[PDB]
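Enquirer: Before I ask anything, here is the structure I am working with.
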Amino acid sequence: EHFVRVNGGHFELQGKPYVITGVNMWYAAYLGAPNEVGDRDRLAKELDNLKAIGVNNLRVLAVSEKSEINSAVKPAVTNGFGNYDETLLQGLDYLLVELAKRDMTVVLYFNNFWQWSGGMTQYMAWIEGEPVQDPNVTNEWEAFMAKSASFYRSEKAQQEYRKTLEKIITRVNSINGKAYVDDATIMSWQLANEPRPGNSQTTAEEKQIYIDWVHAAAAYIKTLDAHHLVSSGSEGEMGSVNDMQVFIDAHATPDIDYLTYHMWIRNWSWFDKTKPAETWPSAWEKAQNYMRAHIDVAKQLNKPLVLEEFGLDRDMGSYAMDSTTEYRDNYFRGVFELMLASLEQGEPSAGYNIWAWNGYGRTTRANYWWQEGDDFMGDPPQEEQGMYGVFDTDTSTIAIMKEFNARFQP
């Protein structure tokens, strides 16, 4: 009935301001699966805890592609082109039922620049008949990013991507009978997780191909669904080969309703998880500058801006649940403080989703590496289980979330 809408630099729900106070929980639809892959009891309990913490929004993976690397989710939704696991899609149906009971919404992304759900390189692997090279194994990240971006240039890949978009967007919820296009539980369709134009050596032509891809994919979604919001899933400038004009140009289309940015201060080498006291001051300077740069672009484009993915390691980079999270917590406080001031001042800061939510999920793997059958966590299968995720027992972090989730609410 009442869809999340955009009016200038803010979201509205029933004509009143709506601010995103969210988490990333990539696996929430997997948890809804009715078979051995799901954990529906846990899903309800997670959503109950999240609601009690003031969370109103999840950012969730809609679709994964079958992978034979050991840094990816298994099983997958798409077992070769066109071969969709309907039982797993019932998990998305179940998630949408559960969110609706709790007046929570979801942003659903349909692909992945990275390998942990197969994503763009898995499309290319199927097209080319060659195996994916897991960058966790090769350490050849520049090559990986070029390969992943070759997806935009493949007419076959785009045909298959549009078929996946159509498969999900035209779905009918098998449980409640709602057409997905009619379900206000869905806040936004999202093109991909962190689509980038390529690697550090991306050409001007490749930048334009990326810009045109964002425009055309967003336009395509609007032909299927004129009334849900559409976003790209971009990191911002860092996801635009460090070229803010690429970010602006890609998101200047009216078919992109709101803007996203992500911050990964450790991955970007601003913060050293083993030398946190030494590097935090400079990391924070860079983070606040990144926030301000994206808020300025949001003013230029007159669109809401959501910090939909940001996280930090536990203290000294520990993956252990009993390790402290002082640096993460103070990080989150700084971001929330700056964002709340921005919102108070009428700027397009429209909320956030912390990366990521582990909740009641647990690992008993000594090496913290996910194997098929293990609890799903906010940390996906390409990263140690415990790297960035917030556990239900992370009392300090949860208190900060609960506080700011309340303060951000109109």
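Simple scheme: letters A, B, ... for chains in structure tokens order, numbers from 1 for residues in each chain, numbers from 1 for ligands in the order shown.
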Any idea what's packed within 8 Å of residue 297 in chain A, counting only C-alpha atoms, ignoring anything in its chain fewer than 4 positions away? Could you give it as a PyMOL selection string?
Expert: chain A and resi 248+293+301
Enquirer: I'd like the neighbourhood of residue 269 in chain A as a ChimeraX atom specification, where a residue qualifies if any of its atoms comes within 10 Å (using only C-alpha atoms), though same-chain residues fewer than 5 positions away should be ignored.
Expert: /A:264,279,283
Enquirer: Can I get the selection written as a PDB file, in the first residue's frame, with N, CA and C atoms?
Expert:
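Once written, out_38.pdb looks like this:
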```pdb
ATOM      1  N   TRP A 264      34.877   1.905   3.445  1.00  0.00           N
ATOM      2  CA  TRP A 264      35.680   0.778   3.883  1.00  0.00           C
ATOM      3  C   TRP A 264      37.074   1.275   4.256  1.00  0.00           C
ATOM      4  N   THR A 279      46.851   5.015  13.240  1.00  0.00           N
ATOM      5  CA  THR A 279      46.240   5.327  11.950  1.00  0.00           C
ATOM      6  C   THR A 279      44.836   5.899  12.057  1.00  0.00           C
ATOM      7  N   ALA A 283      42.660   8.222   9.382  1.00  0.00           N
ATOM      8  CA  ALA A 283      41.516   7.510   8.785  1.00  0.00           C
ATOM      9  C   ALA A 283      40.234   8.309   8.989  1.00  0.00           C
TER      10      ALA A 283
END
```
Enquirer: Please list as a PDB file with N, CA and C atoms, in the first residue's frame every residue within 6 Å of range 328-343 of chain A, counting only C-alpha atoms and excluding residues in the same chain fewer than 6 positions away.
Expert:
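Final output, saved to out27.pdb:
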```pdb
ATOM      1  N   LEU A 312      33.912  -1.732  10.355  1.00  0.00           N
ATOM      2  CA  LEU A 312      35.283  -1.679  10.844  1.00  0.00           C
ATOM      3  C   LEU A 312      35.600  -2.954  11.606  1.00  0.00           C
ATOM      4  N   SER A 349      21.369  13.822   3.990  1.00  0.00           N
ATOM      5  CA  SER A 349      21.739  12.588   4.702  1.00  0.00           C
ATOM      6  C   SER A 349      20.440  11.908   5.111  1.00  0.00           C
ATOM      7  N   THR A 397      28.214  -2.134  21.022  1.00  0.00           N
ATOM      8  CA  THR A 397      27.859  -1.723  19.673  1.00  0.00           C
ATOM      9  C   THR A 397      26.355  -1.595  19.527  1.00  0.00           C
TER      10      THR A 397
END
```
Enquirer: If you run DSSP over the backbone, which residues in range 121-252 of chain A end up helix (DSSP H, G or I)? Put them as a ChimeraX atom specification.
Expert: /A:121-128,135-138,141-153,155-169,180-182,204-224,237-239,244-251
Enquirer: Could you give me, as a PDB file with N, CA, C and O atoms, in the first residue's frame, each residue of range 325-382 of chain A that DSSP assigns to strand (DSSP E or B) when run on this structure's backbone?
Expert:
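Ended up saving to part_9.pdb:
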```
ATOM      1  N   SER A 349      21.369  13.822   3.990  1.00  0.00           N
ATOM      2  CA  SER A 349      21.739  12.588   4.702  1.00  0.00           C
ATOM      3  C   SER A 349      20.440  11.908   5.111  1.00  0.00           C
ATOM      4  O   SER A 349      19.662  12.444   5.884  1.00  0.00           O
ATOM      5  N   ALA A 350      20.203  10.719   4.577  1.00  0.00           N
ATOM      6  CA  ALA A 350      18.917  10.043   4.738  1.00  0.00           C
ATOM      7  C   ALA A 350      19.021   8.712   5.458  1.00  0.00           C
ATOM      8  O   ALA A 350      18.043   7.966   5.511  1.00  0.00           O
ATOM      9  N   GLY A 351      20.192   8.431   6.013  1.00  0.00           N
ATOM     10  CA  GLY A 351      20.374   7.274   6.877  1.00  0.00           C
ATOM     11  C   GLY A 351      21.494   6.347   6.476  1.00  0.00           C
ATOM     12  O   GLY A 351      22.415   6.733   5.743  1.00  0.00           O
ATOM     13  N   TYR A 352      21.417   5.110   6.960  1.00  0.00           N
ATOM     14  CA  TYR A 352      22.576   4.224   6.946  1.00  0.00           C
ATOM     15  C   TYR A 352      22.185   2.757   7.092  1.00  0.00           C
ATOM     16  O   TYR A 352      21.119   2.436   7.610  1.00  0.00           O
ATOM     17  N   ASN A 353      23.086   1.878   6.663  1.00  0.00           N
ATOM     18  CA  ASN A 353      23.014   0.450   6.998  1.00  0.00           C
ATOM     19  C   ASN A 353      24.413   0.007   7.416  1.00  0.00           C
ATOM     20  O   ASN A 353      25.321   0.010   6.603  1.00  0.00           O
ATOM     21  N   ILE A 354      24.604  -0.341   8.686  1.00  0.00           N
ATOM     22  CA  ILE A 354      25.906  -0.873   9.098  1.00  0.00           C
ATOM     23  C   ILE A 354      26.185  -2.199   8.400  1.00  0.00           C
ATOM     24  O   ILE A 354      25.270  -3.009   8.192  1.00  0.00           O
ATOM     25  N   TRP A 357      25.346  -7.479  10.061  1.00  0.00           N
ATOM     26  CA  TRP A 357      24.669  -8.087  11.193  1.00  0.00           C
ATOM     27  C   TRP A 357      24.885  -9.594  11.273  1.00  0.00           C
ATOM     28  O   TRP A 357      24.487 -10.338  10.379  1.00  0.00           O
ATOM     29  N   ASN A 358      25.530 -10.042  12.341  1.00  0.00           N
ATOM     30  CA  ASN A 358      25.719 -11.480  12.603  1.00  0.00           C
ATOM     31  C   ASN A 358      24.648 -12.018  13.547  1.00  0.00           C
ATOM     32  O   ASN A 358      24.225 -13.158  13.407  1.00  0.00           O
ATOM     33  N   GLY A 359      24.224 -11.218  14.517  1.00  0.00           N
ATOM     34  CA  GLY A 359      23.153 -11.629  15.407  1.00  0.00           C
ATOM     35  C   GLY A 359      23.461 -12.891  16.175  1.00  0.00           C
ATOM     36  O   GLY A 359      24.498 -12.984  16.840  1.00  0.00           O
TER      37      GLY A 359
END
```
Enquirer: List the spatial neighbours of residue 308 in chain A as an MDAnalysis selection string - criterion: any atom at most 12 Å away, only C-alpha atoms, same-chain residues fewer than 4 positions off excluded.
Expert: chainID A and resid 19:25 57:60 106:109 190 193:194 231:236 258:264 304 349:356
Enquirer: Could you write out the selected residues, including N, CA and C atoms, as a compact mmCIF listing (two decimals), in the first residue's frame?
Expert:
```
# COMPACT_ATOMS: atom_id res chain seq x y z
N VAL A 19 13.59 7.87 7.57
CA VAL A 19 15.04 7.85 7.65
C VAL A 19 15.48 6.39 7.83
N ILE A 20 16.48 5.98 7.07
CA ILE A 20 16.94 4.59 7.08
C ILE A 20 17.84 4.36 8.28
N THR A 21 17.44 3.46 9.17
CA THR A 21 18.26 3.08 10.31
C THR A 21 18.39 1.58 10.26
N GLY A 22 19.39 1.13 9.52
CA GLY A 22 19.41 -0.22 8.99
C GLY A 22 20.66 -1.03 9.24
N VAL A 23 20.59 -2.25 8.75
CA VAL A 23 21.74 -3.14 8.71
C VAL A 23 21.82 -3.85 7.37
N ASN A 24 23.01 -4.34 7.08
CA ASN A 24 23.22 -5.29 6.02
C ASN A 24 23.09 -6.66 6.61
N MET A 25 22.30 -7.47 5.93
CA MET A 25 22.04 -8.84 6.32
C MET A 25 21.82 -9.60 5.03
N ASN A 57 15.19 -1.29 8.40
CA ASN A 57 15.55 -1.58 7.01
C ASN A 57 16.70 -2.56 6.94
N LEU A 58 16.56 -3.55 6.06
CA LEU A 58 17.63 -4.48 5.73
C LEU A 58 18.07 -4.28 4.30
N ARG A 59 19.36 -4.45 4.06
CA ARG A 59 19.91 -4.53 2.72
C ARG A 59 20.33 -5.98 2.49
N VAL A 60 19.75 -6.58 1.45
CA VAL A 60 19.74 -8.03 1.29
C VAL A 60 20.05 -8.42 -0.15
N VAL A 106 13.05 -3.45 2.93
CA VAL A 106 14.25 -4.08 2.39
C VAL A 106 14.70 -3.45 1.07
N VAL A 107 16.00 -3.32 0.94
CA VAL A 107 16.66 -2.97 -0.31
C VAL A 107 17.28 -4.25 -0.84
N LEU A 108 16.90 -4.63 -2.06
CA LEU A 108 17.30 -5.92 -2.66
C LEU A 108 18.24 -5.68 -3.83
N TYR A 109 19.47 -6.19 -3.76
CA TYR A 109 20.42 -6.05 -4.87
C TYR A 109 20.53 -7.32 -5.70
N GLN A 190 17.91 -2.67 -6.38
CA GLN A 190 19.27 -2.15 -6.46
C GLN A 190 20.06 -2.94 -7.48
N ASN A 193 25.64 -5.12 -5.92
CA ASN A 193 26.50 -4.75 -4.79
C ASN A 193 27.80 -4.17 -5.32
N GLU A 194 28.05 -2.89 -5.10
CA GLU A 194 29.32 -2.23 -5.40
C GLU A 194 29.77 -2.34 -6.87
N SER A 231 18.09 2.11 -7.01
CA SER A 231 19.43 2.61 -6.69
C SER A 231 20.47 1.71 -7.30
N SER A 232 21.72 2.16 -7.34
CA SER A 232 22.77 1.42 -8.02
C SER A 232 23.55 0.43 -7.15
N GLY A 233 23.73 0.75 -5.88
CA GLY A 233 24.61 0.00 -4.99
C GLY A 233 26.05 0.43 -5.01
N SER A 234 26.32 1.56 -5.66
CA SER A 234 27.68 2.11 -5.74
C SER A 234 28.24 2.51 -4.37
N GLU A 235 29.55 2.35 -4.25
CA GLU A 235 30.33 2.84 -3.11
C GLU A 235 30.51 4.36 -3.09
N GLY A 236 30.22 5.03 -4.19
CA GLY A 236 30.52 6.43 -4.33
C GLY A 236 31.76 6.62 -5.18
N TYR A 258 17.64 7.55 -5.58
CA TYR A 258 18.46 8.03 -4.47
C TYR A 258 19.89 7.54 -4.64
N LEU A 259 20.78 8.14 -3.86
CA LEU A 259 22.21 7.87 -3.95
C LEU A 259 22.66 7.01 -2.79
N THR A 260 23.68 6.23 -3.07
CA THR A 260 24.35 5.38 -2.11
C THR A 260 25.82 5.75 -2.06
N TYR A 261 26.40 5.60 -0.88
CA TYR A 261 27.83 5.51 -0.73
C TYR A 261 28.19 4.51 0.34
N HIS A 262 29.40 3.97 0.23
CA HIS A 262 29.91 2.97 1.16
C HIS A 262 31.23 3.50 1.68
N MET A 263 31.65 3.07 2.86
CA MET A 263 32.99 3.39 3.33
C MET A 263 33.65 2.16 3.90
N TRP A 264 34.88 1.90 3.45
CA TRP A 264 35.68 0.78 3.88
C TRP A 264 37.07 1.27 4.26
N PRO A 304 18.25 11.97 -1.99
CA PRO A 304 18.66 11.47 -0.68
C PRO A 304 19.94 10.65 -0.81
N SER A 349 21.37 13.82 3.99
CA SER A 349 21.74 12.59 4.70
C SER A 349 20.44 11.91 5.11
N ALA A 350 20.20 10.72 4.58
CA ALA A 350 18.92 10.04 4.74
C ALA A 350 19.02 8.71 5.46
N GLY A 351 20.19 8.43 6.01
CA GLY A 351 20.37 7.27 6.88
C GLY A 351 21.49 6.35 6.48
N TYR A 352 21.42 5.11 6.96
CA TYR A 352 22.58 4.22 6.95
C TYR A 352 22.19 2.76 7.09
N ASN A 353 23.09 1.88 6.66
CA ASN A 353 23.01 0.45 7.00
C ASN A 353 24.41 0.01 7.42
N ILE A 354 24.60 -0.34 8.69
CA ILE A 354 25.91 -0.87 9.10
C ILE A 354 26.18 -2.20 8.40
N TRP A 355 27.44 -2.41 8.03
CA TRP A 355 27.91 -3.69 7.52
C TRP A 355 28.70 -4.31 8.66
N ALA A 356 28.22 -5.38 9.29
CA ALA A 356 26.99 -6.10 8.94
C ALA A 356 26.46 -6.77 10.20
```
Enquirer: From the list A:153, A:171, A:292, A:228, which residue is nearest residue 212 in chain A when using only C-alpha atoms?
Expert: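 For residue 212 in chain A, the nearest of the given residues is A:153.
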Enquirer: Out of A:114, A:36, A:30, A:185, which residue has the shortest atom-to-atom distance to residue 98 in chain A when counting only C-alpha atoms?
Expert: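 Under the stated criterion, the closest residue is A:185.
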Enquirer: Which one of A:318, A:197, A:224, A:368 sits closest to residue 250 in chain A if you count only C-alpha atoms?
Expert: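 Comparing A:318, A:197, A:224, A:368 against residue 250 in chain A, the winner is A:197.
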Enquirer: In terms of the shortest atom-to-atom distance over only C-alpha atoms, which of A:298, A:230, A:143, A:179 is closest to residue 200 in chain A?
Expert: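 With only C-alpha atoms as the atom set, the closest residue is A:143.
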Enquirer: Can you tell me which residues surround residue 313 in chain A at a distance of at most 7 Å, considering only C-alpha atoms, apart from same-chain residues fewer than 3 positions away, and format the answer as a VMD selection string?
Expert: chain A and resid 273 317 328 387 to 388
Enquirer: Output C-alpha atoms for every residue in that selection, as a PDB file, in the first residue's frame.
Expert:
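Here's the written file part_15.pdb:
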```
ATOM      1  CA  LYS A 273      43.703  -2.853  11.956  1.00  0.00           C
ATOM      2  CA  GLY A 317      41.599  -7.388  13.789  1.00  0.00           C
ATOM      3  CA  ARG A 328      34.411   0.099  15.604  1.00  0.00           C
ATOM      4  CA  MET A 387      35.534  -9.846  10.542  1.00  0.00           C
ATOM      5  CA  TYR A 388      32.923  -7.072  10.385  1.00  0.00           C
TER       6      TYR A 388
END
```
Enquirer: Just the residues within 7 Å of range 131-134 of chain A, please, counting only C-alpha atoms, with nothing from its chain fewer than 4 positions along; format it as a PDB file with C-alpha atoms, in the first residue's frame.
Expert:
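Result file follows (selection-v2.pdb):
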```pdb
ATOM      1  CA  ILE A  69      35.145 -21.433  -5.559  1.00  0.00           C
ATOM      2  CA  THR A 121      32.619 -12.767 -12.919  1.00  0.00           C
ATOM      3  CA  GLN A 122      30.404 -15.835 -12.630  1.00  0.00           C
ATOM      4  CA  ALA A 125      32.734 -17.675 -16.521  1.00  0.00           C
ATOM      5  CA  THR A 138      45.215 -15.482  -6.794  1.00  0.00           C
TER       6      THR A 138
END
```
Enquirer: Show me, as a list in words, the residues that have an atom within 12 Å of residue 362 in chain A when counting only C-alpha atoms, minus same-chain residues fewer than 5 positions from it.
Expert: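 Answer for this query is residues 42, 319, 320, 321, 357, 368, 369, 370, 373, 374, 375, 376, 377, 378, 379, 384, 385, 386, 389, 390, 391, 392 and 393 of chain A.
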Enquirer: Which residue is closest to residue 15 in chain A? Choose from A:45, A:244, A:3, A:124 and count only C-alpha atoms.
Expert: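 Checking each of A:45, A:244, A:3, A:124 against residue 15 in chain A, counting only C-alpha atoms, the winner is A:3.
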